[PDB]
$ cat entry_2.cif   # mmCIF, C-alpha atoms and all ligand atoms
data_upload
loop_
_atom_site.label_atom_id
_atom_site.label_comp_id
_atom_site.auth_asym_id
_atom_site.auth_seq_id
_atom_site.Cartn_x
_atom_site.Cartn_y
_atom_site.Cartn_z
CA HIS Z 4 -74.79 105.35 -34.80
CA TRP Z 5 -77.83 105.44 -37.05
CA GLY Z 6 -80.05 102.41 -37.48
CA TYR Z 7 -83.68 101.31 -37.52
CA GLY Z 8 -84.36 100.97 -33.76
CA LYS Z 9 -86.55 103.14 -31.49
CA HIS Z 10 -83.55 105.19 -30.41
CA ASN Z 11 -81.55 105.53 -33.63
CA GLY Z 12 -84.15 105.00 -36.38
CA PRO Z 13 -85.51 107.22 -39.18
CA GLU Z 14 -87.13 109.73 -36.78
CA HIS Z 15 -83.67 110.48 -35.30
CA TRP Z 16 -81.61 110.78 -38.43
CA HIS Z 17 -82.24 114.49 -38.96
CA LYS Z 18 -80.04 115.31 -35.95
CA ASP Z 19 -76.85 114.06 -37.65
CA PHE Z 20 -78.18 114.51 -41.22
CA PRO Z 21 -80.35 117.63 -41.40
CA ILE Z 22 -81.02 116.97 -45.12
CA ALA Z 23 -83.42 114.30 -43.75
CA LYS Z 24 -86.03 117.09 -43.69
CA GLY Z 25 -84.96 118.30 -47.17
CA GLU Z 26 -86.83 119.19 -50.32
CA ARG Z 27 -86.32 115.94 -52.26
CA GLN Z 28 -86.17 113.09 -49.78
CA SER Z 29 -86.92 109.39 -50.48
CA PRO Z 30 -88.80 107.13 -50.36
CA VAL Z 31 -92.24 108.53 -51.16
CA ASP Z 32 -95.74 107.21 -51.57
CA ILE Z 33 -96.54 106.83 -55.26
CA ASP Z 34 -100.16 107.99 -55.75
CA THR Z 35 -100.98 106.14 -58.99
CA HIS Z 36 -103.94 108.35 -59.83
CA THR Z 37 -101.94 111.61 -59.61
CA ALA Z 38 -98.75 110.41 -61.35
CA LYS Z 39 -98.63 111.90 -64.85
CA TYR Z 40 -97.91 109.82 -68.00
CA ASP Z 41 -94.92 111.53 -69.65
CA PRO Z 42 -94.46 111.38 -73.49
CA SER Z 43 -90.97 112.92 -73.19
CA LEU Z 44 -89.58 109.81 -71.46
CA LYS Z 45 -87.28 107.81 -73.78
CA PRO Z 46 -87.31 104.01 -73.66
CA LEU Z 47 -85.54 102.54 -70.56
CA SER Z 48 -82.41 100.52 -71.35
CA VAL Z 49 -81.19 98.00 -68.80
CA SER Z 50 -77.99 96.45 -70.17
CA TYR Z 51 -76.77 93.84 -67.70
CA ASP Z 52 -75.36 91.15 -70.09
CA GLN Z 53 -71.74 91.92 -69.16
CA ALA Z 54 -72.33 92.47 -65.42
CA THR Z 55 -69.41 91.41 -63.23
CA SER Z 56 -70.46 90.64 -59.66
CA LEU Z 57 -67.74 90.46 -57.04
CA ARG Z 58 -68.79 90.06 -53.47
CA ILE Z 59 -71.75 90.01 -51.06
CA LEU Z 60 -71.48 91.92 -47.77
CA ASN Z 61 -73.56 92.28 -44.63
CA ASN Z 62 -73.02 95.98 -43.96
CA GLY Z 63 -74.96 96.21 -40.71
CA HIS Z 64 -78.09 97.75 -42.26
CA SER Z 65 -78.71 95.51 -45.29
CA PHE Z 66 -76.77 93.07 -47.44
CA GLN Z 67 -75.22 94.29 -50.67
CA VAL Z 68 -73.94 92.62 -53.82
CA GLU Z 69 -71.07 94.60 -55.34
CA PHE Z 70 -70.08 94.89 -59.02
CA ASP Z 71 -66.99 95.85 -60.97
CA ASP Z 72 -67.74 99.37 -62.22
CA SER Z 73 -64.25 100.15 -63.62
CA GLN Z 74 -65.77 99.91 -67.13
CA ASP Z 75 -69.16 100.19 -68.87
CA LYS Z 76 -70.25 96.56 -68.20
CA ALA Z 77 -73.69 96.80 -66.62
CA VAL Z 78 -75.39 100.10 -67.34
CA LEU Z 79 -78.74 101.83 -67.18
CA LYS Z 80 -79.62 104.41 -69.88
CA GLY Z 81 -82.75 106.01 -71.34
CA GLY Z 82 -86.00 106.68 -69.53
CA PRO Z 83 -85.58 109.98 -67.68
CA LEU Z 84 -81.81 109.65 -67.80
CA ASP Z 85 -79.22 111.60 -69.74
CA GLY Z 86 -76.01 109.69 -70.28
CA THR Z 87 -74.81 106.34 -68.95
CA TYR Z 88 -75.16 105.14 -65.38
CA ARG Z 89 -73.03 102.17 -64.18
CA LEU Z 90 -74.27 99.48 -61.83
CA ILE Z 91 -72.16 99.54 -58.62
CA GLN Z 92 -74.26 97.52 -56.17
CA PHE Z 93 -77.69 96.20 -55.27
CA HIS Z 94 -79.23 95.72 -51.83
CA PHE Z 95 -82.62 95.13 -50.23
CA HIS Z 96 -85.00 96.49 -47.63
CA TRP Z 97 -87.48 94.12 -45.95
CA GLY Z 98 -89.93 93.64 -43.15
CA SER Z 99 -90.52 91.47 -40.13
CA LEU Z 100 -93.95 90.51 -41.63
CA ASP Z 101 -95.04 90.05 -45.26
CA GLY Z 102 -97.22 93.20 -45.08
CA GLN Z 103 -94.32 95.61 -44.61
CA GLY Z 104 -90.75 96.07 -45.77
CA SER Z 105 -90.78 98.25 -48.87
CA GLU Z 106 -89.63 101.87 -48.77
CA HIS Z 107 -91.70 103.22 -51.63
CA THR Z 108 -95.39 102.59 -51.33
CA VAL Z 109 -98.05 102.42 -54.05
CA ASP Z 110 -101.34 104.08 -53.08
CA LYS Z 111 -100.08 103.54 -49.52
CA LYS Z 112 -99.58 99.77 -50.12
CA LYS Z 113 -96.41 98.35 -48.59
CA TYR Z 114 -94.73 95.37 -50.21
CA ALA Z 115 -92.74 92.64 -48.38
CA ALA Z 116 -89.44 94.01 -49.59
CA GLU Z 117 -87.75 96.32 -52.07
CA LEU Z 118 -84.66 95.82 -54.22
CA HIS Z 119 -82.42 98.82 -55.04
CA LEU Z 120 -80.04 98.52 -58.00
CA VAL Z 121 -77.73 101.49 -57.63
CA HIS Z 122 -76.03 103.15 -60.61
CA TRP Z 123 -73.80 106.21 -60.98
CA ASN Z 124 -73.47 108.75 -63.75
CA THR Z 125 -70.20 108.05 -65.56
CA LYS Z 127 -69.74 111.82 -66.38
CA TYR Z 128 -68.68 112.20 -62.74
CA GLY Z 129 -65.88 109.65 -62.89
CA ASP Z 130 -66.50 107.84 -59.59
CA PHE Z 131 -69.29 107.04 -57.18
CA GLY Z 132 -68.07 109.42 -54.48
CA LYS Z 133 -68.10 112.36 -56.86
CA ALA Z 134 -71.45 111.31 -58.29
CA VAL Z 135 -73.24 111.43 -54.88
CA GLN Z 136 -72.38 115.14 -54.64
CA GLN Z 137 -74.38 115.86 -57.81
CA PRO Z 138 -78.17 116.34 -58.24
CA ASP Z 139 -78.13 113.85 -61.15
CA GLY Z 140 -75.35 111.64 -59.78
CA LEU Z 141 -77.22 108.36 -59.23
CA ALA Z 142 -80.05 106.40 -60.82
CA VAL Z 143 -81.58 103.77 -58.58
CA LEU Z 144 -83.88 101.14 -60.02
CA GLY Z 145 -86.40 100.12 -57.34
CA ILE Z 146 -88.22 96.80 -57.66
CA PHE Z 147 -90.93 95.64 -55.28
CA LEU Z 148 -91.01 92.09 -53.87
CA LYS Z 149 -94.27 90.32 -53.01
CA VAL Z 150 -94.60 86.91 -51.40
CA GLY Z 151 -95.95 84.18 -53.68
CA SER Z 152 -94.00 81.98 -56.09
CA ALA Z 153 -90.18 81.64 -55.67
CA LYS Z 154 -87.90 83.78 -57.78
CA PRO Z 155 -85.28 81.42 -59.26
CA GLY Z 156 -82.83 84.23 -59.91
CA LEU Z 157 -82.91 85.28 -56.24
CA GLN Z 158 -82.02 81.82 -54.94
CA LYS Z 159 -78.22 82.07 -55.33
CA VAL Z 160 -78.41 85.18 -53.14
CA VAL Z 161 -80.60 83.42 -50.53
CA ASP Z 162 -78.26 80.44 -50.45
CA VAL Z 163 -75.18 82.41 -49.45
CA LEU Z 164 -76.88 84.47 -46.64
CA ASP Z 165 -75.93 82.04 -43.89
CA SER Z 166 -72.28 82.79 -44.80
CA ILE Z 167 -72.72 86.53 -44.05
CA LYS Z 168 -75.01 86.35 -41.03
CA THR Z 169 -73.39 89.16 -39.05
CA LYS Z 170 -72.26 92.71 -39.68
CA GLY Z 171 -68.94 92.98 -41.60
CA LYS Z 172 -69.04 89.45 -42.97
CA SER Z 173 -68.50 89.07 -46.71
CA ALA Z 174 -68.31 86.21 -49.25
CA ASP Z 175 -67.21 85.84 -52.87
CA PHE Z 176 -70.16 86.34 -55.14
CA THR Z 177 -68.85 86.13 -58.66
CA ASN Z 178 -70.79 85.22 -61.81
CA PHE Z 179 -74.18 86.35 -60.54
CA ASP Z 180 -76.56 87.60 -63.20
CA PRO Z 181 -78.74 90.49 -61.97
CA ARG Z 182 -81.07 90.00 -64.98
CA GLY Z 183 -82.65 87.21 -62.93
CA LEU Z 184 -84.05 89.80 -60.49
CA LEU Z 185 -86.07 91.78 -63.07
CA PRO Z 186 -89.81 91.50 -63.72
CA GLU Z 187 -91.21 91.11 -67.26
CA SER Z 188 -92.30 94.70 -67.66
CA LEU Z 189 -90.06 97.74 -67.39
CA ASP Z 190 -93.06 100.11 -66.91
CA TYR Z 191 -91.99 102.61 -64.24
CA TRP Z 192 -92.59 105.75 -62.22
CA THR Z 193 -89.79 108.26 -61.83
CA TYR Z 194 -89.06 111.27 -59.62
CA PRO Z 195 -86.02 113.11 -58.20
CA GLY Z 196 -85.10 111.99 -54.69
CA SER Z 197 -82.39 110.92 -52.35
CA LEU Z 198 -80.50 108.05 -50.80
CA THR Z 199 -82.85 106.45 -48.31
CA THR Z 200 -80.03 105.81 -45.77
CA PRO Z 201 -77.66 108.32 -44.18
CA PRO Z 202 -76.12 110.47 -45.61
CA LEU Z 203 -79.55 110.92 -47.37
CA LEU Z 204 -77.89 112.85 -50.18
CA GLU Z 205 -80.22 114.37 -52.77
CA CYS Z 206 -78.48 112.86 -55.77
CA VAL Z 207 -80.88 110.18 -57.03
CA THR Z 208 -83.12 109.84 -60.04
CA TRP Z 209 -85.52 107.17 -58.82
CA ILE Z 210 -86.95 104.71 -61.35
CA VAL Z 211 -89.46 102.45 -59.57
CA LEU Z 212 -90.89 99.56 -61.57
CA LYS Z 213 -94.67 99.04 -61.56
CA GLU Z 214 -94.50 95.25 -61.72
CA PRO Z 215 -93.30 93.54 -58.52
CA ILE Z 216 -91.30 90.32 -58.58
CA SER Z 217 -92.72 87.39 -56.65
CA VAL Z 218 -90.47 85.67 -54.13
CA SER Z 219 -91.35 82.74 -51.87
CA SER Z 220 -92.13 82.94 -48.15
CA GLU Z 221 -89.05 80.72 -47.71
CA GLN Z 222 -86.82 83.20 -49.60
CA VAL Z 223 -87.92 86.22 -47.53
CA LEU Z 224 -87.71 84.21 -44.31
CA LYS Z 225 -84.02 83.75 -45.00
CA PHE Z 226 -83.54 87.56 -45.32
CA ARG Z 227 -85.02 87.80 -41.83
CA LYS Z 228 -82.37 85.43 -40.34
CA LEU Z 229 -79.64 87.99 -41.02
CA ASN Z 230 -78.27 89.99 -38.08
CA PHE Z 231 -77.75 93.72 -37.55
CA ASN Z 232 -75.13 92.86 -34.86
CA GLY Z 233 -71.54 91.66 -35.33
CA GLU Z 234 -70.29 88.16 -34.54
CA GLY Z 235 -70.15 87.32 -30.82
CA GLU Z 236 -72.73 89.99 -29.91
CA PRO Z 237 -76.31 89.15 -28.88
CA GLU Z 238 -78.62 88.54 -31.82
CA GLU Z 239 -80.67 91.36 -33.25
CA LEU Z 240 -82.49 90.14 -36.31
CA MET Z 241 -82.03 92.31 -39.41
CA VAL Z 242 -85.70 93.10 -40.11
CA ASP Z 243 -87.64 96.33 -40.84
CA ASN Z 244 -84.60 98.04 -42.31
CA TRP Z 245 -86.83 100.45 -44.34
CA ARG Z 246 -87.29 104.19 -44.15
CA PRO Z 247 -90.96 105.18 -44.35
CA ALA Z 248 -92.47 107.49 -46.98
CA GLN Z 249 -91.34 111.17 -46.86
CA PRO Z 250 -93.17 114.35 -47.91
CA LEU Z 251 -93.43 114.70 -51.68
CA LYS Z 252 -93.11 118.47 -51.38
CA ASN Z 253 -92.54 120.20 -54.67
CA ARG Z 254 -92.25 117.13 -56.91
CA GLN Z 255 -94.30 115.43 -59.58
CA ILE Z 256 -94.02 111.69 -60.12
CA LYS Z 257 -94.03 110.82 -63.84
CA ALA Z 258 -95.23 107.51 -65.29
CA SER Z 259 -93.75 105.80 -68.34
CA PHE Z 260 -97.02 104.12 -69.21
CA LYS Z 261 -100.73 104.75 -69.64
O1 LIG O 301 -80.41 105.10 -53.28
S1 LIG O 301 -79.99 104.15 -52.23
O2 LIG O 301 -80.61 102.82 -52.47
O3 LIG O 301 -80.33 104.70 -50.89
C1 LIG O 301 -78.41 103.96 -52.33
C2 LIG O 301 -77.62 103.96 -51.25
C3 LIG O 301 -76.14 103.77 -51.23
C4 LIG O 301 -75.44 103.06 -52.20
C5 LIG O 301 -74.06 102.90 -52.08
BR1 LIG O 301 -73.12 101.94 -53.41
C6 LIG O 301 -73.33 103.42 -51.02
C7 LIG O 301 -73.97 104.14 -50.02
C8 LIG O 301 -75.35 104.33 -50.10
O4 LIG O 301 -75.96 105.03 -49.13
ZN ZN O 302 -81.85 101.11 -50.58
#

$ encode --input "entry_2.cif" --output "structure tokens"
Amino acid sequence: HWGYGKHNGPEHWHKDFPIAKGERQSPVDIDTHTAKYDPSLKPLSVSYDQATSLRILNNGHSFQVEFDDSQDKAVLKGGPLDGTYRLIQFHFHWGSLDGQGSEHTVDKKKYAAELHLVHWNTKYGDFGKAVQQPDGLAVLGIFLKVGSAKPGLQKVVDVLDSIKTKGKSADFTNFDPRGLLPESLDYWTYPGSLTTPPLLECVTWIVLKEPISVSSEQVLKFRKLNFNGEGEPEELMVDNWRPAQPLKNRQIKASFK
């Protein structure tokens, strides 16, 4: 099946998922000089105080932390968005080296990793219906650079040895995703897609300008995860990022001057 290797990686995905060569694919390079400040953007509202985390899962291509989205508990509103989008999960993309790993790039700069907080538009009733809609998802993308440790990432790092291999999960209740946010909510936004198969074109991307800093030790522990299942030979889960795709007929808007 699809993956990130030479024989099943991003350059192969279009064969099963022809939308891979579509008109609004993600990620993209964010050219900071050509992004347009947009006065029509409303303030971004990240309301995570009532977030209810459930479980952490190695899904064979990343690890994901899942949330209870049966009610409006952790939501994203405002910015480019109309209506209320509920947090369903977050996951990461990262590199084998500190100079690569992010999916979006900034003036072609790659960061060590990228966090995706995935939300769905509650007018569509459930996540599976939302992905079939052009405005179904809002994903908040946050870059990670290597420097000082991020305290609010450490509870995630500490449980990774319990989900080393594909299909392993662990309880992950009472985790506060507010600890993963940078100070500033300044962002760029554009219409795009899921960056993994099925690559559906259902995502309003909101990528924050300010990266979070994480320690070399924290990112090293990401890189000890496995793509393989238990009792198979070890393939380190590294470089699980899709590279930048053609911008095509899109403008990236900035929330700031
Ligand atoms: O916008 S993405 O970060 O690519 C979200 C991806 C994604 C999220 C969920 Br939840 C399920 C399947 C998926 O492919
Ligand atoms: Zn992602």

$ residues_near_ligand --input "entry_2.cif" --ligand "ligand ZN 302 (chain O)" --cutoff "9 Å" --atoms "all atoms listed in the file" --output "list in words"
residues 65, 93, 94, 95, 96, 106, 117, 118, 119, 120, 121, 143, 145, 198, 199, 200, 245 and 246 of chain Z

$ atom_distance --input "entry_2.cif" --atom1 "atom CA of residue 54 of chain Z" --atom2 "atom CA of residue 154 of chain Z"
19.4 Å

$ closest_residue --input "entry_2.cif" --among "Z:132, Z:181, Z:30, Z:104" --to "residue 78 of chain Z" --atoms "only C-alpha atoms"
Z:181

$ atom_distance --input "entry_2.cif" --atom1 "atom CA of residue 26 of chain Z" --atom2 "atom CA of residue 138 of chain Z"
12.1 Å

$ closest_residue --input "entry_2.cif" --among "Z:197, Z:48, Z:156, Z:168" --to "residue 239 of chain Z" --atoms "all atoms listed in the file"
Z:168

$ closest_residue --input "entry_2.cif" --among "Z:36, Z:225, Z:122, Z:80" --to "ligand LIG 301 (chain O)" --atoms "all atoms listed in the file"
Z:122

$ closest_residue --input "entry_2.cif" --among "Z:206, Z:110, Z:192, Z:176" --to "residue 124 of chain Z" --atoms "all atoms listed in the file"
Z:206

$ residues_near_point --input "entry_2.cif" --point "(-75.4, 106.9, -71.0)" --cutoff "10 Å" --atoms "only C-alpha atoms" --output "JSON, numbers by chain"
{"Z": [48, 75, 78, 79, 80, 81, 84, 85, 86, 87, 88, 89, 124, 125, 127]}

$ atom_distance --input "entry_2.cif" --atom1 "atom CA of residue 40 of chain Z" --atom2 "atom CA of residue 259 of chain Z"
5.8 Å

$ closest_residue --input "entry_2.cif" --among "Z:149, Z:254, Z:159, Z:64" --to "ligand LIG 301 (chain O)" --atoms "all atoms listed in the file"
Z:64

$ closest_residue --input "entry_2.cif" --among "Z:184, Z:160, Z:211, Z:148" --to "ligand LIG 301 (chain O)" --atoms "all atoms listed in the file"
Z:211
